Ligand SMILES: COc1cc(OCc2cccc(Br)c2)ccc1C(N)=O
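What follows is one chain in C-alpha cells, specifically the form solved without this ligand.
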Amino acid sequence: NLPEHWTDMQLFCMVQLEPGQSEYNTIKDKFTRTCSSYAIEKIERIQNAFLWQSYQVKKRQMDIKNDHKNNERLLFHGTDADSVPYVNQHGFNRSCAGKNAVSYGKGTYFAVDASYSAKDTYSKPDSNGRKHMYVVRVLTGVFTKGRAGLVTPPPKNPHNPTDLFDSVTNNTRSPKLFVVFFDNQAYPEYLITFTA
C-alpha cells in the first residue's frame, strides 16, 4: 500500500535526496520562493508506512465527504531538533503543540510560506546552527477563520454541530496558516535541514 517512488525498505526510513533531481529541486524552489536568505543542508524523504496508511485512509474519506479532490495542500512546519525524532515516527500531535503568537485554535499549525516556519520561534536553531522544517501534506478540506478557543474545527451550521469544517485558517481570502485538530490529517513528507 506504499508509493512506488519510495525506496524498498522495515516500516520507517529517511531517504536523502540528491540536488538536481526534480524531487529535490521542487522542494528547494518552494522553500527558496520566500526563504532566499537561508541555505539548505539536505532534504530527506520521510517514508513512514504506518503514518502514510492512516493519512491516505483519511484523505480518501475527505475526498468522498466533500465530493471533490482539492482537500490537500503542501505546507511547511518549523520545529526544534528535539521534536524531530517524534514527528518522523508519529507525526504531529496537537497535544504537544506550542501556543502560536496569533492563535486561531489549539491544534497543529502549518504555514503556506517557508519564511513563516523559518522563524527561530518555530525552527529553533540547534547548538550547531541547524534549523529544521517539515514539508507536509495537510488535509485542509473546507476551512473557515479560526478562533483561539477551538479544540476541534467549528461546525459549518450551528444547528448541526457534529458536521465540522476540516481545518481553520487565519484569513479565508488570503490564507497564510492552517490549523488541524486531528491525528493523521497531516503527513510529514520531507524534512529540510538548513542554516543561515
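Residue indices: 1-based, along the sequence shown.
Same protein, other form: the form deposited with this ligand bound, not shown, and the subject of what follows.
Overlaying the pocket C-alphas and bringing this ligand over as found in the bound PDB entry, would you call this site open, or blocked by 3+ ligand atoms sitting within 2.4 Å of backbone or C-beta?
The site is blocked here, because this ligand, transferred from its pose in the bound PDB entry, has 3 or more atoms within 2.4 Å of backbone or C-beta atoms.
Please tell me whether any heavy atom belonging to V180 falls inside 4.5 Å of a heavy atom of this ligand, as the geometry stands in the bound PDB entry.
So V180 does not count as contacting this ligand.
In the bound PDB entry, is there a heavy atom of this ligand that lies within 4.5 Å of any heavy atom of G91, even though the partner is absent here?
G91: no contact with this ligand in the bound PDB entry.
Looking at the partner-bound form in the bound PDB entry, is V87 within 4.5 Å of this ligand by any heavy atom?
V87: no contact with this ligand in the bound PDB entry.
Just to make sure I understand: among 66-82, which residues lie within 4.5 Å of this ligand in the bound PDB entry, judging by heavy atoms?
Going through 66-82 in order - heavy atoms within 4.5 Å of this ligand in the bound PDB entry - the hits are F76, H77, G78.
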